[PDB]
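Undergrad: Hey, dropping upload-v4.cif in here, mmCIF, N, CA and C atoms:
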```
data_data
#
loop_
_atom_site.label_atom_id
_atom_site.label_comp_id
_atom_site.auth_asym_id
_atom_site.auth_seq_id
_atom_site.Cartn_x
_atom_site.Cartn_y
_atom_site.Cartn_z
N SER A 2 -59.20 -217.01 40.58
CA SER A 2 -59.46 -217.99 41.63
C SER A 2 -58.98 -219.38 41.22
N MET A 3 -59.12 -220.35 42.12
CA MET A 3 -58.66 -221.70 41.89
C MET A 3 -59.70 -222.53 41.15
N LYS A 4 -59.30 -223.74 40.76
CA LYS A 4 -60.22 -224.66 40.09
C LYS A 4 -61.27 -225.15 41.08
N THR A 5 -62.49 -225.34 40.60
CA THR A 5 -63.59 -225.76 41.44
C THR A 5 -64.35 -226.92 40.80
N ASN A 6 -64.97 -227.74 41.65
CA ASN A 6 -65.93 -228.72 41.18
C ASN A 6 -67.29 -228.04 40.99
N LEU A 7 -68.32 -228.83 40.71
CA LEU A 7 -69.64 -228.28 40.43
C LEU A 7 -70.24 -227.57 41.63
N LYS A 8 -69.83 -227.93 42.84
CA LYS A 8 -70.29 -227.26 44.05
C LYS A 8 -69.53 -225.97 44.33
N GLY A 9 -68.52 -225.66 43.53
CA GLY A 9 -67.66 -224.53 43.85
C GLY A 9 -66.59 -224.84 44.86
N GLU A 10 -66.41 -226.11 45.20
CA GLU A 10 -65.40 -226.49 46.18
C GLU A 10 -64.02 -226.48 45.52
N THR A 11 -63.06 -225.85 46.19
CA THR A 11 -61.68 -225.82 45.75
C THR A 11 -60.92 -227.02 46.32
N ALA A 12 -59.65 -227.14 45.93
CA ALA A 12 -58.81 -228.18 46.51
C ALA A 12 -58.69 -228.03 48.01
N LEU A 13 -58.75 -226.79 48.52
CA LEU A 13 -58.75 -226.57 49.96
C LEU A 13 -59.98 -227.17 50.62
N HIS A 14 -61.16 -226.91 50.06
CA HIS A 14 -62.37 -227.54 50.58
C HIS A 14 -62.25 -229.05 50.55
N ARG A 15 -61.79 -229.60 49.42
CA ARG A 15 -61.73 -231.05 49.28
C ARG A 15 -60.78 -231.66 50.30
N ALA A 16 -59.62 -231.02 50.52
CA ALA A 16 -58.69 -231.55 51.51
C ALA A 16 -59.31 -231.56 52.89
N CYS A 17 -60.10 -230.53 53.21
CA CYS A 17 -60.73 -230.45 54.52
C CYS A 17 -61.90 -231.40 54.67
N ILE A 18 -62.59 -231.72 53.58
CA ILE A 18 -63.66 -232.71 53.64
C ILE A 18 -63.07 -234.10 53.81
N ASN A 19 -62.02 -234.40 53.04
CA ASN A 19 -61.43 -235.73 52.93
C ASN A 19 -60.41 -236.04 54.02
N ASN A 20 -60.05 -235.07 54.85
CA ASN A 20 -59.02 -235.24 55.87
C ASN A 20 -57.65 -235.52 55.26
N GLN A 21 -57.31 -234.80 54.19
CA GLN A 21 -56.01 -234.92 53.53
C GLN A 21 -55.08 -233.86 54.10
N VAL A 22 -54.49 -234.18 55.26
CA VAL A 22 -53.74 -233.18 56.02
C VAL A 22 -52.47 -232.77 55.30
N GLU A 23 -51.76 -233.74 54.70
CA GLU A 23 -50.51 -233.41 54.02
C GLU A 23 -50.77 -232.56 52.79
N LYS A 24 -51.80 -232.90 52.01
CA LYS A 24 -52.22 -232.04 50.91
C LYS A 24 -52.61 -230.65 51.41
N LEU A 25 -53.37 -230.59 52.50
CA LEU A 25 -53.80 -229.30 53.04
C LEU A 25 -52.61 -228.42 53.39
N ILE A 26 -51.58 -229.00 54.02
CA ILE A 26 -50.41 -228.22 54.43
C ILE A 26 -49.72 -227.60 53.22
N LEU A 27 -49.59 -228.38 52.13
CA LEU A 27 -49.05 -227.82 50.89
C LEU A 27 -49.91 -226.66 50.40
N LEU A 28 -51.23 -226.86 50.32
CA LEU A 28 -52.11 -225.82 49.79
C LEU A 28 -52.06 -224.55 50.64
N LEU A 29 -51.96 -224.71 51.96
CA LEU A 29 -51.90 -223.56 52.85
C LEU A 29 -50.60 -222.77 52.70
N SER A 30 -49.60 -223.35 52.05
CA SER A 30 -48.32 -222.70 51.82
C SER A 30 -48.23 -222.01 50.47
N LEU A 31 -49.32 -221.99 49.71
CA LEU A 31 -49.26 -221.41 48.38
C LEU A 31 -49.41 -219.90 48.48
N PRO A 32 -48.66 -219.14 47.68
CA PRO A 32 -48.74 -217.68 47.78
C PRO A 32 -50.07 -217.20 47.23
N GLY A 33 -50.63 -216.19 47.88
CA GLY A 33 -51.90 -215.65 47.44
C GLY A 33 -53.10 -216.56 47.64
N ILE A 34 -52.93 -217.69 48.33
CA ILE A 34 -54.07 -218.54 48.65
C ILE A 34 -55.00 -217.79 49.59
N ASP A 35 -56.30 -218.01 49.43
CA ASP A 35 -57.30 -217.38 50.29
C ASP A 35 -57.96 -218.47 51.12
N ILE A 36 -57.54 -218.59 52.38
CA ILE A 36 -58.13 -219.59 53.26
C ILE A 36 -59.62 -219.35 53.46
N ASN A 37 -60.09 -218.13 53.25
CA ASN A 37 -61.50 -217.80 53.44
C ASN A 37 -62.33 -217.97 52.17
N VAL A 38 -61.78 -218.63 51.15
CA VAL A 38 -62.52 -218.82 49.91
C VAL A 38 -63.83 -219.56 50.17
N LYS A 39 -64.89 -219.13 49.48
CA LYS A 39 -66.21 -219.72 49.66
C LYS A 39 -66.57 -220.59 48.46
N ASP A 40 -67.27 -221.69 48.71
CA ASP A 40 -67.90 -222.47 47.65
C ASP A 40 -69.13 -221.71 47.13
N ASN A 41 -69.94 -222.35 46.27
CA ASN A 41 -71.06 -221.63 45.66
C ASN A 41 -72.11 -221.22 46.68
N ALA A 42 -72.31 -222.02 47.73
CA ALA A 42 -73.26 -221.69 48.79
C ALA A 42 -72.69 -220.72 49.80
N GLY A 43 -71.36 -220.64 49.91
CA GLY A 43 -70.70 -219.73 50.84
C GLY A 43 -69.85 -220.41 51.90
N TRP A 44 -69.75 -221.73 51.92
CA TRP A 44 -68.97 -222.42 52.94
C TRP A 44 -67.48 -222.29 52.67
N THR A 45 -66.70 -222.17 53.74
CA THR A 45 -65.24 -222.10 53.66
C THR A 45 -64.61 -223.46 53.93
N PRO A 46 -63.32 -223.61 53.64
CA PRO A 46 -62.64 -224.85 54.01
C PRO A 46 -62.68 -225.12 55.51
N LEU A 47 -62.55 -224.09 56.34
CA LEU A 47 -62.66 -224.30 57.78
C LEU A 47 -64.04 -224.84 58.17
N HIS A 48 -65.12 -224.33 57.57
CA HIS A 48 -66.43 -224.90 57.83
C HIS A 48 -66.43 -226.40 57.54
N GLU A 49 -65.83 -226.80 56.42
CA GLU A 49 -65.87 -228.21 56.06
C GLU A 49 -65.13 -229.06 57.08
N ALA A 50 -63.93 -228.64 57.49
CA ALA A 50 -63.18 -229.40 58.49
C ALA A 50 -63.95 -229.50 59.80
N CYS A 51 -64.64 -228.43 60.19
CA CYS A 51 -65.40 -228.45 61.44
C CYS A 51 -66.62 -229.34 61.33
N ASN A 52 -67.32 -229.27 60.19
CA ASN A 52 -68.54 -230.05 60.01
C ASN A 52 -68.25 -231.55 60.05
N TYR A 53 -67.15 -231.98 59.42
CA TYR A 53 -66.81 -233.39 59.33
C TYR A 53 -65.98 -233.88 60.51
N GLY A 54 -65.56 -233.00 61.41
CA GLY A 54 -64.80 -233.42 62.57
C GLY A 54 -63.35 -233.74 62.31
N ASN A 55 -62.73 -233.06 61.33
CA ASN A 55 -61.35 -233.34 60.94
C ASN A 55 -60.44 -232.43 61.76
N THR A 56 -60.21 -232.86 63.00
CA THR A 56 -59.55 -232.02 64.01
C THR A 56 -58.17 -231.56 63.57
N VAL A 57 -57.39 -232.45 62.95
CA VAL A 57 -56.03 -232.07 62.56
C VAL A 57 -56.06 -231.03 61.45
N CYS A 58 -57.04 -231.12 60.55
CA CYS A 58 -57.18 -230.09 59.53
C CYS A 58 -57.48 -228.74 60.15
N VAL A 59 -58.34 -228.71 61.18
CA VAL A 59 -58.64 -227.47 61.89
C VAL A 59 -57.38 -226.91 62.53
N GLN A 60 -56.64 -227.76 63.24
CA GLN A 60 -55.39 -227.34 63.86
C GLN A 60 -54.44 -226.72 62.85
N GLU A 61 -54.28 -227.37 61.69
CA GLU A 61 -53.34 -226.85 60.69
C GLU A 61 -53.79 -225.49 60.16
N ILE A 62 -55.09 -225.33 59.89
CA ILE A 62 -55.59 -224.03 59.44
C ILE A 62 -55.29 -222.96 60.48
N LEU A 63 -55.61 -223.24 61.74
CA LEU A 63 -55.45 -222.22 62.78
C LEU A 63 -53.99 -221.87 62.99
N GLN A 64 -53.09 -222.83 62.84
CA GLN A 64 -51.67 -222.56 63.06
C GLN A 64 -50.96 -221.98 61.85
N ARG A 65 -51.46 -222.23 60.64
CA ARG A 65 -50.78 -221.80 59.43
C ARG A 65 -51.42 -220.59 58.75
N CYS A 66 -52.62 -220.18 59.15
CA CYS A 66 -53.30 -219.04 58.53
C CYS A 66 -53.71 -218.00 59.55
N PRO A 67 -52.84 -217.03 59.82
CA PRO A 67 -53.18 -215.98 60.80
C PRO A 67 -54.40 -215.16 60.41
N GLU A 68 -54.77 -215.12 59.13
CA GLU A 68 -55.88 -214.30 58.67
C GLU A 68 -57.17 -215.09 58.48
N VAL A 69 -57.26 -216.30 59.03
CA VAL A 69 -58.49 -217.07 58.88
C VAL A 69 -59.64 -216.39 59.62
N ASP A 70 -60.80 -216.32 58.97
CA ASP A 70 -61.97 -215.65 59.50
C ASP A 70 -62.84 -216.69 60.21
N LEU A 71 -62.89 -216.62 61.53
CA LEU A 71 -63.65 -217.58 62.32
C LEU A 71 -65.12 -217.23 62.41
N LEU A 72 -65.53 -216.08 61.88
CA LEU A 72 -66.91 -215.62 61.92
C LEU A 72 -67.60 -215.72 60.57
N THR A 73 -66.95 -216.34 59.57
CA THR A 73 -67.61 -216.56 58.30
C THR A 73 -68.85 -217.42 58.52
N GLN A 74 -69.89 -217.18 57.73
CA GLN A 74 -71.16 -217.86 57.99
C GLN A 74 -71.91 -218.13 56.70
N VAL A 75 -72.71 -219.20 56.72
CA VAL A 75 -73.80 -219.44 55.78
C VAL A 75 -75.04 -219.70 56.61
N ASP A 76 -76.12 -218.98 56.32
CA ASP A 76 -77.33 -219.07 57.14
C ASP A 76 -77.02 -218.81 58.62
N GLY A 77 -76.01 -217.99 58.88
CA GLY A 77 -75.60 -217.71 60.24
C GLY A 77 -74.78 -218.79 60.89
N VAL A 78 -74.52 -219.89 60.19
CA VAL A 78 -73.75 -221.01 60.74
C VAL A 78 -72.27 -220.67 60.62
N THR A 79 -71.62 -220.44 61.75
CA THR A 79 -70.18 -220.23 61.81
C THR A 79 -69.47 -221.56 62.00
N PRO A 80 -68.13 -221.58 61.86
CA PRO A 80 -67.39 -222.82 62.15
C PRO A 80 -67.70 -223.42 63.51
N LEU A 81 -67.81 -222.60 64.56
CA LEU A 81 -68.12 -223.16 65.88
C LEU A 81 -69.51 -223.77 65.94
N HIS A 82 -70.50 -223.17 65.26
CA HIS A 82 -71.81 -223.82 65.14
C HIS A 82 -71.66 -225.18 64.48
N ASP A 83 -70.92 -225.22 63.38
CA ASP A 83 -70.75 -226.46 62.63
C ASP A 83 -70.15 -227.53 63.53
N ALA A 84 -69.06 -227.20 64.21
CA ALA A 84 -68.39 -228.17 65.06
C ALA A 84 -69.31 -228.67 66.17
N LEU A 85 -69.92 -227.75 66.92
CA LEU A 85 -70.66 -228.19 68.09
C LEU A 85 -71.97 -228.88 67.72
N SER A 86 -72.61 -228.46 66.62
CA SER A 86 -73.84 -229.12 66.20
C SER A 86 -73.60 -230.58 65.85
N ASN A 87 -72.40 -230.92 65.39
CA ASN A 87 -72.05 -232.30 65.07
C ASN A 87 -71.24 -232.97 66.17
N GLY A 88 -71.18 -232.38 67.36
CA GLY A 88 -70.55 -233.04 68.50
C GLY A 88 -69.04 -233.02 68.55
N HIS A 89 -68.39 -232.17 67.75
CA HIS A 89 -66.93 -232.14 67.67
C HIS A 89 -66.40 -231.14 68.70
N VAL A 90 -66.40 -231.60 69.96
CA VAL A 90 -66.04 -230.74 71.08
C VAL A 90 -64.57 -230.32 71.01
N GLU A 91 -63.68 -231.23 70.58
CA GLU A 91 -62.26 -230.88 70.53
C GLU A 91 -62.00 -229.76 69.52
N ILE A 92 -62.67 -229.80 68.38
CA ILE A 92 -62.59 -228.69 67.43
C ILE A 92 -63.13 -227.42 68.05
N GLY A 93 -64.25 -227.51 68.77
CA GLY A 93 -64.79 -226.34 69.44
C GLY A 93 -63.80 -225.70 70.39
N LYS A 94 -63.05 -226.53 71.13
CA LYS A 94 -62.02 -225.99 72.02
C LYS A 94 -60.91 -225.30 71.23
N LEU A 95 -60.45 -225.91 70.14
CA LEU A 95 -59.43 -225.27 69.30
C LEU A 95 -59.90 -223.92 68.79
N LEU A 96 -61.14 -223.85 68.31
CA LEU A 96 -61.65 -222.60 67.76
C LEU A 96 -61.69 -221.53 68.83
N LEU A 97 -62.19 -221.89 70.01
CA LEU A 97 -62.33 -220.92 71.08
C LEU A 97 -60.97 -220.49 71.64
N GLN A 98 -60.02 -221.42 71.70
CA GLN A 98 -58.68 -221.06 72.15
C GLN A 98 -58.04 -220.06 71.20
N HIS A 99 -58.40 -220.11 69.92
CA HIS A 99 -57.84 -219.20 68.92
C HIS A 99 -58.63 -217.90 68.81
N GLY A 100 -59.96 -217.97 68.92
CA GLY A 100 -60.81 -216.85 68.55
C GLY A 100 -61.43 -216.02 69.66
N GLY A 101 -61.43 -216.51 70.90
CA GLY A 101 -62.01 -215.78 72.00
C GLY A 101 -63.52 -215.90 72.04
N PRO A 102 -64.12 -215.20 73.00
CA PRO A 102 -65.54 -215.41 73.30
C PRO A 102 -66.51 -214.82 72.27
N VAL A 103 -66.05 -213.98 71.34
CA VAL A 103 -66.96 -213.47 70.31
C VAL A 103 -67.60 -214.63 69.57
N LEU A 104 -66.91 -215.77 69.48
CA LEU A 104 -67.47 -216.92 68.77
C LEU A 104 -68.72 -217.44 69.46
N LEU A 105 -68.80 -217.30 70.79
CA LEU A 105 -69.92 -217.82 71.56
C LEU A 105 -71.17 -216.96 71.40
N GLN A 106 -71.03 -215.73 70.90
CA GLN A 106 -72.12 -214.77 70.83
C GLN A 106 -72.90 -214.80 69.52
N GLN A 107 -72.53 -215.66 68.58
CA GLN A 107 -73.08 -215.63 67.23
C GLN A 107 -74.35 -216.47 67.17
N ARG A 108 -75.45 -215.84 66.77
CA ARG A 108 -76.72 -216.53 66.57
C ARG A 108 -76.86 -216.85 65.09
N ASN A 109 -77.22 -218.09 64.80
CA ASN A 109 -77.48 -218.46 63.42
C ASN A 109 -78.88 -218.01 63.01
N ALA A 110 -79.24 -218.27 61.75
CA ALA A 110 -80.52 -217.77 61.24
C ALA A 110 -81.70 -218.30 62.04
N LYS A 111 -81.56 -219.49 62.61
CA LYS A 111 -82.57 -220.04 63.51
C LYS A 111 -82.44 -219.54 64.94
N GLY A 112 -81.65 -218.49 65.18
CA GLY A 112 -81.50 -217.95 66.52
C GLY A 112 -80.79 -218.84 67.52
N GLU A 113 -79.97 -219.78 67.06
CA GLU A 113 -79.21 -220.67 67.93
C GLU A 113 -77.80 -220.13 68.15
N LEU A 114 -77.35 -220.10 69.44
CA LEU A 114 -75.97 -219.86 69.82
C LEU A 114 -75.20 -221.18 69.80
N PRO A 115 -73.88 -221.17 69.58
CA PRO A 115 -73.16 -222.46 69.47
C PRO A 115 -73.28 -223.35 70.70
N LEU A 116 -73.29 -222.78 71.90
CA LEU A 116 -73.42 -223.62 73.09
C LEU A 116 -74.80 -224.23 73.26
N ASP A 117 -75.80 -223.79 72.49
CA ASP A 117 -77.12 -224.42 72.57
C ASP A 117 -77.07 -225.90 72.20
N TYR A 118 -76.04 -226.34 71.48
CA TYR A 118 -75.91 -227.73 71.06
C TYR A 118 -75.22 -228.61 72.09
N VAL A 119 -74.70 -228.03 73.16
CA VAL A 119 -73.98 -228.77 74.18
C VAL A 119 -74.93 -228.99 75.34
N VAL A 120 -75.22 -230.26 75.65
CA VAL A 120 -76.14 -230.57 76.73
C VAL A 120 -75.43 -230.61 78.08
N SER A 121 -74.22 -231.13 78.12
CA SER A 121 -73.53 -231.32 79.39
C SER A 121 -73.06 -229.99 79.96
N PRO A 122 -73.54 -229.59 81.14
CA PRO A 122 -73.03 -228.35 81.76
C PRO A 122 -71.52 -228.37 81.95
N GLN A 123 -70.93 -229.54 82.16
CA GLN A 123 -69.50 -229.60 82.40
C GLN A 123 -68.69 -229.39 81.12
N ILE A 124 -69.17 -229.90 79.97
CA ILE A 124 -68.53 -229.57 78.70
C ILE A 124 -68.62 -228.08 78.42
N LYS A 125 -69.76 -227.47 78.71
CA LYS A 125 -69.89 -226.02 78.54
C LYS A 125 -68.84 -225.28 79.36
N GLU A 126 -68.60 -225.73 80.59
CA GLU A 126 -67.59 -225.10 81.43
C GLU A 126 -66.19 -225.24 80.84
N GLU A 127 -65.87 -226.43 80.31
CA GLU A 127 -64.55 -226.63 79.73
C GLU A 127 -64.36 -225.78 78.48
N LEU A 128 -65.41 -225.64 77.67
CA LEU A 128 -65.32 -224.80 76.48
C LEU A 128 -65.11 -223.34 76.85
N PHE A 129 -65.86 -222.86 77.83
CA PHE A 129 -65.67 -221.48 78.27
C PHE A 129 -64.29 -221.27 78.88
N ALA A 130 -63.82 -222.26 79.65
CA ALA A 130 -62.55 -222.10 80.36
C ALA A 130 -61.35 -222.08 79.41
N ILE A 131 -61.44 -222.77 78.27
CA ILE A 131 -60.35 -222.74 77.29
C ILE A 131 -60.42 -221.55 76.36
N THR A 132 -61.52 -220.80 76.39
CA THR A 132 -61.69 -219.68 75.47
C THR A 132 -60.63 -218.61 75.73
N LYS A 133 -59.97 -218.17 74.66
CA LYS A 133 -58.94 -217.13 74.76
C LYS A 133 -59.46 -215.93 75.55
N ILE A 134 -58.63 -215.42 76.45
CA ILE A 134 -58.90 -214.16 77.14
C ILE A 134 -58.01 -213.09 76.53
N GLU A 135 -58.62 -212.07 75.94
CA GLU A 135 -57.87 -211.02 75.25
C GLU A 135 -57.35 -209.97 76.23
N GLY B 6 -77.86 -238.44 63.26
CA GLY B 6 -78.35 -237.18 62.74
C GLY B 6 -77.26 -236.14 62.57
N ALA B 7 -76.36 -236.37 61.62
CA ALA B 7 -75.28 -235.44 61.32
C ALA B 7 -75.76 -234.42 60.30
N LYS B 8 -75.62 -233.14 60.64
CA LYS B 8 -76.07 -232.05 59.78
C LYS B 8 -74.97 -231.72 58.77
N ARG B 9 -75.27 -231.88 57.49
CA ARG B 9 -74.32 -231.58 56.42
C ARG B 9 -74.69 -230.27 55.74
N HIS B 10 -73.70 -229.69 55.05
CA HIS B 10 -73.86 -228.37 54.44
C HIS B 10 -74.74 -228.43 53.20
N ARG B 11 -75.66 -227.47 53.08
CA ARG B 11 -76.34 -227.28 51.81
C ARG B 11 -75.34 -226.83 50.74
N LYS B 12 -75.62 -227.17 49.49
CA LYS B 12 -74.70 -226.88 48.41
C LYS B 12 -75.46 -226.24 47.25
N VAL B 13 -74.71 -225.55 46.39
CA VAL B 13 -75.24 -224.95 45.17
C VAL B 13 -74.40 -225.44 44.00
N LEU B 14 -75.07 -225.95 42.97
CA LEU B 14 -74.39 -226.48 41.79
C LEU B 14 -74.36 -225.40 40.73
N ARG B 15 -73.16 -225.10 40.23
CA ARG B 15 -73.00 -224.06 39.21
C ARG B 15 -71.66 -224.28 38.52
N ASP B 16 -71.67 -224.22 37.19
CA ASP B 16 -70.47 -224.40 36.37
C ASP B 16 -70.34 -223.16 35.49
N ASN B 17 -69.43 -222.26 35.85
CA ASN B 17 -69.19 -221.05 35.07
C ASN B 17 -68.03 -221.25 34.10
#
```
In structure tokens, write the structure found in this file.
TA:
Amino acid sequence: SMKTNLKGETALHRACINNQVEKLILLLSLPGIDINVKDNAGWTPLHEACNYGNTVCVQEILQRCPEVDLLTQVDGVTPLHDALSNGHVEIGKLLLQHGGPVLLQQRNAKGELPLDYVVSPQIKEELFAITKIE
Amino acid sequence: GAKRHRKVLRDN
């Protein structure tokens, strides 16, 4: 595996926390890189980009990693939970446009669905309307 | 009220 800090965060995690898009693009081009790598608690780089609202980092992951797992979880918290709980609606739209409606069905350990964090009925409609249809 | 990720500290 790659080098980690004390939290188990790799350079991929750090780029996604720090919004280092150019660094991220290089790292995503490395052979044998695992975009789904987990830190010590289990969070992925995609979780970090979604939690912090780093929309361009999310876009780059989704466009450069066909094998990214959008259902990875810690305590049931998926990337879409992370994004919507922190109000990052644009990231939520990107995730749903890539992953389809299975993302909307995931309950976290507290029994929350990702749309439970969206108060506006009209934002909920826009999120559903952009969701990939398979 | 921004929810941040819980972390685990470990140095192997």
Undergrad: With 5 Å as the limit and counting all atoms listed in the file, what residues in chain B lie close to chain A? Please list them as number ranges by chain.
TA: B: 13-15
Undergrad: Decode the PyMOL selection byres ((chain A and resi 56-66) around 8) for the given file into explicit residues and return them as a CSV table (one decimal) with N, CA and C atoms, in the frame of the given file.
TA:
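Final output, expr-v2.csv:
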```csv
chain,number,residue,atom,x,y,z
A,16,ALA,N,-59.6,-231.0,50.5
A,16,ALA,CA,-58.7,-231.6,51.5
A,16,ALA,C,-59.3,-231.6,52.9
A,17,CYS,N,-60.1,-230.5,53.2
A,17,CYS,CA,-60.7,-230.4,54.5
A,17,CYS,C,-61.9,-231.4,54.7
A,20,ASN,N,-60.0,-235.1,54.8
A,20,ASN,CA,-59.0,-235.2,55.9
A,20,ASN,C,-57.6,-235.5,55.3
A,21,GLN,N,-57.3,-234.8,54.2
A,21,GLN,CA,-56.0,-234.9,53.5
A,21,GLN,C,-55.1,-233.9,54.1
A,22,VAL,N,-54.5,-234.2,55.3
A,22,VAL,CA,-53.7,-233.2,56.0
A,22,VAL,C,-52.5,-232.8,55.3
A,25,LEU,N,-53.4,-230.6,52.5
A,25,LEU,CA,-53.8,-229.3,53.0
A,25,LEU,C,-52.6,-228.4,53.4
A,26,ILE,N,-51.6,-229.0,54.0
A,26,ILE,CA,-50.4,-228.2,54.4
A,26,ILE,C,-49.7,-227.6,53.2
A,29,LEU,N,-52.0,-224.7,52.0
A,29,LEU,CA,-51.9,-223.6,52.8
A,29,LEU,C,-50.6,-222.8,52.7
A,30,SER,N,-49.6,-223.4,52.0
A,30,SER,CA,-48.3,-222.7,51.8
A,30,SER,C,-48.2,-222.0,50.5
A,36,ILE,N,-57.5,-218.6,52.4
A,36,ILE,CA,-58.1,-219.6,53.3
A,36,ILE,C,-59.6,-219.4,53.5
A,46,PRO,N,-63.3,-223.6,53.6
A,46,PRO,CA,-62.6,-224.8,54.0
A,46,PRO,C,-62.7,-225.1,55.5
A,47,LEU,N,-62.6,-224.1,56.3
A,47,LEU,CA,-62.7,-224.3,57.8
A,47,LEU,C,-64.0,-224.8,58.2
A,49,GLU,N,-65.8,-226.8,56.4
A,49,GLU,CA,-65.9,-228.2,56.1
A,49,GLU,C,-65.1,-229.1,57.1
A,50,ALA,N,-63.9,-228.6,57.5
A,50,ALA,CA,-63.2,-229.4,58.5
A,50,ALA,C,-64.0,-229.5,59.8
A,51,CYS,N,-64.6,-228.4,60.2
A,51,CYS,CA,-65.4,-228.4,61.4
A,51,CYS,C,-66.6,-229.3,61.3
A,53,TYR,N,-67.2,-232.0,59.4
A,53,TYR,CA,-66.8,-233.4,59.3
A,53,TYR,C,-66.0,-233.9,60.5
A,54,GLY,N,-65.6,-233.0,61.4
A,54,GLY,CA,-64.8,-233.4,62.6
A,54,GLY,C,-63.4,-233.7,62.3
A,55,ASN,N,-62.7,-233.1,61.3
A,55,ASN,CA,-61.4,-233.3,60.9
A,55,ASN,C,-60.4,-232.4,61.8
A,67,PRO,N,-52.8,-217.0,59.8
A,67,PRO,CA,-53.2,-216.0,60.8
A,67,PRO,C,-54.4,-215.2,60.4
A,68,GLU,N,-54.8,-215.1,59.1
A,68,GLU,CA,-55.9,-214.3,58.7
A,68,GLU,C,-57.2,-215.1,58.5
A,69,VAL,N,-57.3,-216.3,59.0
A,69,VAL,CA,-58.5,-217.1,58.9
A,69,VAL,C,-59.6,-216.4,59.6
A,70,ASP,N,-60.8,-216.3,59.0
A,70,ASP,CA,-62.0,-215.6,59.5
A,70,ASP,C,-62.8,-216.7,60.2
A,91,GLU,N,-63.7,-231.2,70.6
A,91,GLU,CA,-62.3,-230.9,70.5
A,91,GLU,C,-62.0,-229.8,69.5
A,92,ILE,N,-62.7,-229.8,68.4
A,92,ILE,CA,-62.6,-228.7,67.4
A,92,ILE,C,-63.1,-227.4,68.0
A,95,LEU,N,-60.4,-225.9,70.1
A,95,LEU,CA,-59.4,-225.3,69.3
A,95,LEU,C,-59.9,-223.9,68.8
A,96,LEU,N,-61.1,-223.8,68.3
A,96,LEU,CA,-61.6,-222.6,67.8
A,96,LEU,C,-61.7,-221.5,68.8
A,99,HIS,N,-58.4,-220.1,69.9
A,99,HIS,CA,-57.8,-219.2,68.9
A,99,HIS,C,-58.6,-217.9,68.8
```
Undergrad: If I take atom CA of residue 94 of chain A and atom CA of residue 23 of chain A, how far is one from the other in Å, to one decimal?
TA: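 Answer for the atom CA of residue 94 of chain A to atom CA of residue 23 of chain A separation: 22.6 Å.
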Undergrad: Distance atom CA of residue 134 of chain A-atom CA of residue 110 of chain A, one decimal place?
TA: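 We find that atom CA of residue 134 of chain A and atom CA of residue 110 of chain A lie 27.1 Å from each other.
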Undergrad: What does the structure give for the distance between atom C of residue 119 of chain A and atom C of residue 85 of chain A, in Å to one decimal?
TA: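 So the answer is 8.2 Å.
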Undergrad: Based on the backbone DSSP call, show me all residues of chain A assigned helix (DSSP H, G or I), as a PyMOL selection string.
TA: chain A and resi 12-19+22-29+46-53+56-65+80-86+90-100+102-106+115-118+122-131
Undergrad: Please give the centre and size of the box around segment 56-74 of chain A (axis-aligned, containing every atom listed in the file, 5 Å added per side), with values in Å to one decimal and written as AutoDock Vina command-line options.
TA:
```
--center_x -61.3 --center_y -223.6 --center_z 60.4 --size_x 31.1 --size_y 28.6 --size_z 17.3
```
Undergrad: Using only C-alpha atoms for the distances, tell me which of A:128, A:90, A:18, A:38 is nearest to residue 73 of chain A.
TA: A:38
Undergrad: Model the absent atoms of segment 41-48 of chain A so that N, CA, C and O atoms are present, and write the result as a PDB file, keeping the file's coordinate frame.
TA:
```
ATOM      1  N   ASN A  41     -69.940-222.350  46.270  1.00  0.00           N
ATOM      2  CA  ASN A  41     -71.060-221.630  45.660  1.00  0.00           C
ATOM      3  C   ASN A  41     -72.110-221.220  46.680  1.00  0.00           C
ATOM      4  O   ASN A  41     -72.782-220.200  46.491  1.00  0.00           O
ATOM      5  N   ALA A  42     -72.310-222.020  47.730  1.00  0.00           N
ATOM      6  CA  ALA A  42     -73.260-221.690  48.790  1.00  0.00           C
ATOM      7  C   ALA A  42     -72.690-220.720  49.800  1.00  0.00           C
ATOM      8  O   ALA A  42     -73.452-220.036  50.497  1.00  0.00           O
ATOM      9  N   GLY A  43     -71.360-220.640  49.910  1.00  0.00           N
ATOM     10  CA  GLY A  43     -70.700-219.730  50.840  1.00  0.00           C
ATOM     11  C   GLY A  43     -69.850-220.410  51.900  1.00  0.00           C
ATOM     12  O   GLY A  43     -69.278-219.694  52.744  1.00  0.00           O
ATOM     13  N   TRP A  44     -69.750-221.730  51.920  1.00  0.00           N
ATOM     14  CA  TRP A  44     -68.970-222.420  52.940  1.00  0.00           C
ATOM     15  C   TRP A  44     -67.480-222.290  52.670  1.00  0.00           C
ATOM     16  O   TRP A  44     -67.040-222.336  51.521  1.00  0.00           O
ATOM     17  N   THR A  45     -66.700-222.170  53.740  1.00  0.00           N
ATOM     18  CA  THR A  45     -65.240-222.100  53.660  1.00  0.00           C
ATOM     19  C   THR A  45     -64.610-223.460  53.930  1.00  0.00           C
ATOM     20  O   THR A  45     -65.254-224.380  54.445  1.00  0.00           O
ATOM     21  N   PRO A  46     -63.320-223.610  53.640  1.00  0.00           N
ATOM     22  CA  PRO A  46     -62.640-224.850  54.010  1.00  0.00           C
ATOM     23  C   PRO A  46     -62.680-225.120  55.510  1.00  0.00           C
ATOM     24  O   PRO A  46     -62.874-226.274  55.910  1.00  0.00           O
ATOM     25  N   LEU A  47     -62.550-224.090  56.340  1.00  0.00           N
ATOM     26  CA  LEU A  47     -62.660-224.300  57.780  1.00  0.00           C
ATOM     27  C   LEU A  47     -64.040-224.840  58.170  1.00  0.00           C
ATOM     28  O   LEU A  47     -64.123-225.749  59.004  1.00  0.00           O
ATOM     29  N   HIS A  48     -65.120-224.330  57.570  1.00  0.00           N
ATOM     30  CA  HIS A  48     -66.430-224.900  57.830  1.00  0.00           C
ATOM     31  C   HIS A  48     -66.430-226.400  57.540  1.00  0.00           C
ATOM     32  O   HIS A  48     -66.991-227.197  58.301  1.00  0.00           O
TER      33      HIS A  48
END
```
